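First the structure, in the form of structure tokens, and then the observations on it.
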Amino acid sequence: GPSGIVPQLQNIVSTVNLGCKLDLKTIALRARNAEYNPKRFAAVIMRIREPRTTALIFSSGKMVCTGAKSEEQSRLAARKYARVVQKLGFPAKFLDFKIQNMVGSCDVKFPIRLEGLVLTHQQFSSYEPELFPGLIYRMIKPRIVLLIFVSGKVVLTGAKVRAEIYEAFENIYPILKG
DNA sequence: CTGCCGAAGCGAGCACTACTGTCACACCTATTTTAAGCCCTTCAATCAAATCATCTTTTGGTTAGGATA
């Protein structure tokens, strides 16, 4: 059963279609929050604290936002940037909101001997202590990629909802225990 | 007044990896979030090697406990 520690989400990734053409130079000229460094990259990157997130905008009318701790928080930040662009003088719309990725982490509070895991799980676990200190495991159900360390803490990514993170956590937990 | 054919020296066949005309798709980086491990600096707290001050062990000379020659 559960060890009493829940996987806390660390990140959320989401995108929405603004539905109109925008001028990045105009945004950099008007908005009190903007980049335009075309010498490096022709784009504008936002960020707000409530929710704590970073978003990025193009002239093509797409938005990519990331940084929240919950999917609904990410959507709130997305709608905040949509409001900002609407009051920037652009006819922005909050259309086709899609959630792309999230990151979570947890712990088991006992040491992990990676050698046994690689010896019994090499077919899906990649161990290489020379470059990346931890161990890499790719999980199929659901499409999750997992990082495991000796300290017992685990990083989970590749899901679309917190339920997937929890379910993968409890799938791996017996393996971590033994 | 023009023309044939020999003598000797040449030759062959057998021994139970350099550029150029394109072209699309790679190369390239705009950022988010971890979990333990990273390189270099850079100063600060602690340390230990070397040097200075002084007590003491002994090597040449004076003193009065001590003695021969």
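Lettering and numbering for the structure tokens are positional, with chains as A, B, ... in the shown order, residues counted from 1 in each chain, and ligands counted from 1 in the shown order.
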*Within 10 Å of range 159-173 of chain A, counting only C-alpha atoms (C1' of nucleotides), which residues qualify if same-chain residues fewer than 2 places away don't, as a ChimeraX atom specification?*
/A:1-3,6-9,12-14,70-71,98-108,139-146,154-157,175-178
Put those residues in a file: N, CA and C atoms, as an mmCIF file, in the first residue's frame.
data_model
loop_
_atom_site.group_PDB
_atom_site.id
_atom_site.type_symbol
_atom_site.label_atom_id
_atom_site.label_comp_id
_atom_site.auth_asym_id
_atom_site.auth_seq_id
_atom_site.Cartn_x
_atom_site.Cartn_y
_atom_site.Cartn_z
ATOM 1 N N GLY A 1 0.823 -1.245 0.000
ATOM 2 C CA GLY A 1 0.000 0.000 0.000
ATOM 3 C C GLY A 1 0.837 1.265 0.000
ATOM 4 N N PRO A 2 0.176 2.421 0.002
ATOM 5 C CA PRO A 2 0.912 3.690 0.004
ATOM 6 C C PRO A 2 1.828 3.804 1.215
ATOM 7 N N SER A 3 2.980 4.437 1.007
ATOM 8 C CA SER A 3 3.958 4.648 2.067
ATOM 9 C C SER A 3 3.660 5.880 2.913
ATOM 10 N N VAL A 6 2.801 11.265 -0.842
ATOM 11 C CA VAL A 6 2.114 11.439 -2.120
ATOM 12 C C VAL A 6 3.066 12.091 -3.117
ATOM 13 N N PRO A 7 2.969 11.774 -4.416
ATOM 14 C CA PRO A 7 3.751 12.518 -5.413
ATOM 15 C C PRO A 7 3.255 13.947 -5.591
ATOM 16 N N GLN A 8 4.091 14.924 -5.248
ATOM 17 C CA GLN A 8 3.753 16.326 -5.457
ATOM 18 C C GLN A 8 4.125 16.732 -6.880
ATOM 19 N N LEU A 9 3.201 17.392 -7.573
ATOM 20 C CA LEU A 9 3.509 17.920 -8.894
ATOM 21 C C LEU A 9 4.398 19.152 -8.785
ATOM 22 N N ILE A 12 3.735 22.183 -14.746
ATOM 23 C CA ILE A 12 2.643 21.955 -15.684
ATOM 24 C C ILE A 12 2.997 22.641 -16.994
ATOM 25 N N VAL A 13 2.637 22.008 -18.108
ATOM 26 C CA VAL A 13 2.867 22.550 -19.442
ATOM 27 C C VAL A 13 1.534 22.588 -20.174
ATOM 28 N N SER A 14 1.210 23.741 -20.757
ATOM 29 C CA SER A 14 -0.046 23.898 -21.477
ATOM 30 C C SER A 14 0.137 24.892 -22.615
ATOM 31 N N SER A 70 -0.420 23.128 -10.736
ATOM 32 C CA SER A 70 -1.648 22.409 -11.042
ATOM 33 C C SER A 70 -2.132 22.811 -12.427
ATOM 34 N N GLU A 71 -2.841 21.886 -13.079
ATOM 35 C CA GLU A 71 -3.330 22.138 -14.431
ATOM 36 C C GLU A 71 -4.315 23.298 -14.462
ATOM 37 N N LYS A 98 -4.836 23.158 -24.539
ATOM 38 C CA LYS A 98 -4.346 21.791 -24.444
ATOM 39 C C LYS A 98 -3.216 21.714 -23.429
ATOM 40 N N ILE A 99 -3.231 20.650 -22.633
ATOM 41 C CA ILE A 99 -2.228 20.402 -21.605
ATOM 42 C C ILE A 99 -1.214 19.409 -22.154
ATOM 43 N N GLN A 100 0.065 19.776 -22.100
ATOM 44 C CA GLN A 100 1.119 19.044 -22.793
ATOM 45 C C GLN A 100 1.897 18.104 -21.877
ATOM 46 N N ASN A 101 2.343 18.588 -20.719
ATOM 47 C CA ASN A 101 3.215 17.801 -19.859
ATOM 48 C C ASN A 101 3.166 18.357 -18.443
ATOM 49 N N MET A 102 3.588 17.526 -17.490
ATOM 50 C CA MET A 102 3.762 17.950 -16.108
ATOM 51 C C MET A 102 4.880 17.126 -15.489
ATOM 52 N N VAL A 103 5.437 17.644 -14.397
ATOM 53 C CA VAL A 103 6.531 16.998 -13.682
ATOM 54 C C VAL A 103 6.136 16.842 -12.220
ATOM 55 N N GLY A 104 6.459 15.680 -11.645
ATOM 56 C CA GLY A 104 6.224 15.435 -10.238
ATOM 57 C C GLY A 104 7.397 14.707 -9.615
ATOM 58 N N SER A 105 7.386 14.650 -8.285
ATOM 59 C CA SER A 105 8.465 14.014 -7.541
ATOM 60 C C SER A 105 7.919 13.436 -6.243
ATOM 61 N N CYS A 106 8.659 12.480 -5.688
ATOM 62 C CA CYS A 106 8.265 11.795 -4.463
ATOM 63 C C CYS A 106 9.516 11.206 -3.817
ATOM 64 N N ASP A 107 9.313 10.460 -2.732
ATOM 65 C CA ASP A 107 10.410 9.811 -2.027
ATOM 66 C C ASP A 107 9.896 8.550 -1.347
ATOM 67 N N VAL A 108 10.827 7.657 -1.020
ATOM 68 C CA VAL A 108 10.505 6.416 -0.322
ATOM 69 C C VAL A 108 11.221 6.283 1.014
ATOM 70 N N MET A 139 8.664 3.940 -18.597
ATOM 71 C CA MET A 139 7.501 3.125 -18.269
ATOM 72 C C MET A 139 6.471 3.223 -19.389
ATOM 73 N N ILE A 140 5.797 2.108 -19.660
ATOM 74 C CA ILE A 140 4.872 2.030 -20.789
ATOM 75 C C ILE A 140 3.446 2.387 -20.378
ATOM 76 N N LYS A 141 2.996 1.927 -19.209
ATOM 77 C CA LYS A 141 1.628 2.159 -18.754
ATOM 78 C C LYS A 141 1.622 3.091 -17.550
ATOM 79 N N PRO A 142 1.373 4.396 -17.728
ATOM 80 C CA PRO A 142 1.200 5.130 -18.987
ATOM 81 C C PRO A 142 2.552 5.513 -19.570
ATOM 82 N N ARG A 143 2.604 6.385 -20.576
ATOM 83 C CA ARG A 143 3.869 6.726 -21.223
ATOM 84 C C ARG A 143 4.628 7.694 -20.318
ATOM 85 N N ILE A 144 5.337 7.123 -19.345
ATOM 86 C CA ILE A 144 6.033 7.878 -18.308
ATOM 87 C C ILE A 144 7.517 7.555 -18.373
ATOM 88 N N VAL A 145 8.345 8.564 -18.120
ATOM 89 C CA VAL A 145 9.787 8.405 -17.976
ATOM 90 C C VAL A 145 10.152 8.764 -16.543
ATOM 91 N N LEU A 146 10.941 7.905 -15.903
ATOM 92 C CA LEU A 146 11.192 7.971 -14.472
ATOM 93 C C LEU A 146 12.687 8.056 -14.196
ATOM 94 N N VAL A 154 12.346 10.176 -6.355
ATOM 95 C CA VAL A 154 12.047 9.810 -7.734
ATOM 96 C C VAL A 154 11.381 10.992 -8.422
ATOM 97 N N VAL A 155 11.749 11.221 -9.682
ATOM 98 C CA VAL A 155 11.160 12.267 -10.510
ATOM 99 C C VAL A 155 10.350 11.601 -11.613
ATOM 100 N N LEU A 156 9.120 12.070 -11.804
ATOM 101 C CA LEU A 156 8.190 11.505 -12.769
ATOM 102 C C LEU A 156 7.811 12.563 -13.795
ATOM 103 N N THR A 157 7.760 12.161 -15.062
ATOM 104 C CA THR A 157 7.402 13.085 -16.129
ATOM 105 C C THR A 157 6.848 12.302 -17.310
ATOM 106 N N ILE A 175 8.388 -2.431 -6.709
ATOM 107 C CA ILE A 175 9.713 -2.657 -7.279
ATOM 108 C C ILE A 175 10.770 -1.941 -6.452
ATOM 109 N N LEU A 176 10.486 -0.706 -6.034
ATOM 110 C CA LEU A 176 11.444 0.024 -5.210
ATOM 111 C C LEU A 176 11.653 -0.675 -3.874
ATOM 112 N N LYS A 177 10.575 -1.176 -3.271
ATOM 113 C CA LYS A 177 10.703 -1.859 -1.989
ATOM 114 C C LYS A 177 11.520 -3.138 -2.127
ATOM 115 N N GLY A 178 11.319 -3.883 -3.211
ATOM 116 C CA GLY A 178 12.071 -5.101 -3.450
ATOM 117 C C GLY A 178 11.608 -5.848 -4.685
#
*Return the neighbours of chain A among the residues of chain B, cut-off 12 Å, counting only C-alpha atoms (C1' of nucleotides), as a PyMOL selection string.*
chain B and resi 28-38
_Taking the DSSP secondary structure from the backbone, can you list the residues of range 31-169 of chain A that are strand (DSSP E), as JSON, numbers by chain?_
{"A": [44, 45, 46, 47, 48, 53, 54, 55, 56, 57, 62, 63, 64, 65, 66, 95, 96, 97, 98, 99, 100, 101, 102, 103, 104, 105, 106, 125, 126, 127, 135, 136, 137, 138, 139, 144, 145, 146, 147, 148, 154, 155, 156, 157]}
Output N, CA and C atoms for every residue in the selection just made, as a compact mmCIF listing (two decimals), in the first residue's frame.
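Dumped to part_25.txt:
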# COMPACT_ATOMS: atom_id res chain seq x y z
N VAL A 44 8.49 36.27 -27.94
CA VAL A 44 8.21 37.02 -26.72
C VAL A 44 7.84 36.03 -25.63
N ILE A 45 8.47 36.16 -24.46
CA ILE A 45 8.26 35.23 -23.35
C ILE A 45 7.71 36.01 -22.15
N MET A 46 6.56 35.57 -21.65
CA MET A 46 5.89 36.15 -20.49
C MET A 46 6.27 35.41 -19.21
N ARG A 47 5.86 35.98 -18.08
CA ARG A 47 5.78 35.23 -16.83
C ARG A 47 5.00 36.05 -15.81
N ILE A 48 4.22 35.34 -14.98
CA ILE A 48 3.48 35.94 -13.89
C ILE A 48 3.65 35.06 -12.66
N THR A 53 4.26 31.11 -13.31
CA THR A 53 4.29 30.50 -14.63
C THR A 53 5.10 31.37 -15.59
N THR A 54 5.50 30.76 -16.70
CA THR A 54 6.16 31.45 -17.80
C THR A 54 5.46 31.06 -19.09
N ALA A 55 5.15 32.05 -19.92
CA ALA A 55 4.51 31.81 -21.20
C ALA A 55 5.34 32.42 -22.31
N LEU A 56 5.09 31.94 -23.52
CA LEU A 56 5.84 32.35 -24.69
C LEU A 56 4.89 32.51 -25.86
N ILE A 57 5.06 33.59 -26.62
CA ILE A 57 4.12 34.01 -27.65
C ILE A 57 4.86 34.19 -28.96
N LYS A 62 0.04 31.45 -31.53
CA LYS A 62 0.04 30.35 -30.58
C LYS A 62 0.66 30.79 -29.27
N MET A 63 0.21 30.16 -28.19
CA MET A 63 0.73 30.40 -26.85
C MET A 63 1.21 29.08 -26.27
N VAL A 64 2.37 29.11 -25.62
CA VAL A 64 2.86 28.00 -24.81
C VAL A 64 3.17 28.53 -23.42
N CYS A 65 2.61 27.88 -22.41
CA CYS A 65 2.73 28.32 -21.03
C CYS A 65 3.16 27.15 -20.16
N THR A 66 3.94 27.46 -19.12
CA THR A 66 4.45 26.42 -18.24
C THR A 66 4.88 27.04 -16.92
N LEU A 95 -8.73 29.83 -27.28
CA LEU A 95 -9.27 28.74 -28.09
C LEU A 95 -8.32 27.55 -28.11
N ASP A 96 -8.88 26.35 -28.00
CA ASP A 96 -8.13 25.10 -28.07
C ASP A 96 -7.01 25.10 -27.02
N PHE A 97 -7.44 25.08 -25.76
CA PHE A 97 -6.51 24.92 -24.66
C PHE A 97 -6.13 23.45 -24.51
N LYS A 98 -4.84 23.16 -24.54
CA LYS A 98 -4.35 21.79 -24.44
C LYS A 98 -3.22 21.71 -23.43
N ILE A 99 -3.23 20.65 -22.63
CA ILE A 99 -2.23 20.40 -21.60
C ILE A 99 -1.21 19.41 -22.15
N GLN A 100 0.07 19.78 -22.10
CA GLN A 100 1.12 19.04 -22.79
C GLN A 100 1.90 18.10 -21.88
N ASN A 101 2.34 18.59 -20.72
CA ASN A 101 3.22 17.80 -19.86
C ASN A 101 3.17 18.36 -18.44
N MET A 102 3.59 17.53 -17.49
CA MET A 102 3.76 17.95 -16.11
C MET A 102 4.88 17.13 -15.49
N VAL A 103 5.44 17.64 -14.40
CA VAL A 103 6.53 17.00 -13.68
C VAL A 103 6.14 16.84 -12.22
N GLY A 104 6.46 15.68 -11.64
CA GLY A 104 6.22 15.44 -10.24
C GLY A 104 7.40 14.71 -9.61
N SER A 105 7.39 14.65 -8.28
CA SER A 105 8.47 14.01 -7.54
C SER A 105 7.92 13.44 -6.24
N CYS A 106 8.66 12.48 -5.69
CA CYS A 106 8.26 11.79 -4.46
C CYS A 106 9.52 11.21 -3.82
N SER A 125 15.30 -0.34 -17.91
CA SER A 125 16.06 0.59 -17.07
C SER A 125 17.46 0.75 -17.65
N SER A 126 17.86 2.00 -17.88
CA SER A 126 19.20 2.31 -18.37
C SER A 126 20.01 2.91 -17.23
N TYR A 127 21.07 2.22 -16.84
CA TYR A 127 21.97 2.66 -15.79
C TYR A 127 23.32 3.04 -16.39
N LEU A 135 19.56 6.86 -12.26
CA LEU A 135 19.14 5.77 -13.13
C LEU A 135 17.90 6.19 -13.91
N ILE A 136 17.84 5.77 -15.17
CA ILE A 136 16.77 6.16 -16.09
C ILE A 136 15.89 4.95 -16.35
N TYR A 137 14.58 5.13 -16.17
CA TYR A 137 13.59 4.08 -16.41
C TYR A 137 12.45 4.68 -17.22
N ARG A 138 12.10 4.03 -18.33
CA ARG A 138 10.97 4.43 -19.16
C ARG A 138 9.83 3.43 -18.97
N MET A 139 8.66 3.94 -18.60
CA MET A 139 7.50 3.12 -18.27
C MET A 139 6.47 3.22 -19.39
N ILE A 144 5.34 7.12 -19.34
CA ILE A 144 6.03 7.88 -18.31
C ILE A 144 7.52 7.55 -18.37
N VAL A 145 8.34 8.56 -18.12
CA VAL A 145 9.79 8.41 -17.98
C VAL A 145 10.15 8.76 -16.54
N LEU A 146 10.94 7.91 -15.90
CA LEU A 146 11.19 7.97 -14.47
C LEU A 146 12.69 8.06 -14.20
N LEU A 147 13.05 8.90 -13.23
CA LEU A 147 14.43 9.01 -12.76
C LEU A 147 14.49 8.57 -11.30
N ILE A 148 15.44 7.71 -10.99
CA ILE A 148 15.58 7.11 -9.67
C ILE A 148 16.99 7.37 -9.16
N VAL A 154 12.35 10.18 -6.36
CA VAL A 154 12.05 9.81 -7.73
C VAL A 154 11.38 10.99 -8.42
N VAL A 155 11.75 11.22 -9.68
CA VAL A 155 11.16 12.27 -10.51
C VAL A 155 10.35 11.60 -11.61
N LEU A 156 9.12 12.07 -11.80
CA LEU A 156 8.19 11.50 -12.77
C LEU A 156 7.81 12.56 -13.79
N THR A 157 7.76 12.16 -15.06
CA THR A 157 7.40 13.08 -16.13
C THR A 157 6.85 12.30 -17.31
*If you run DSSP over the backbone, which residues in chain A end up alpha helix (DSSP H)? Put them as number ranges by chain.*
A: 24-30, 71-87, 114-121, 162-177
*Quick one: distance from CA of residue 59 in chain A to CA of residue 28 in chain A in Å, one decimal?*
11.9 Å
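Put simply, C1' of residue 25 in chain B is 22.9 Å away from CA of residue 58 in chain A.
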*asked:* So the first atom is CA of residue 76 in chain A and the second is CA of residue 93 in chain A; what is the distance between them in Å, to one decimal place?
replied: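 Calculated distance between CA of residue 76 in chain A and CA of residue 93 in chain A is 14.0 Å.
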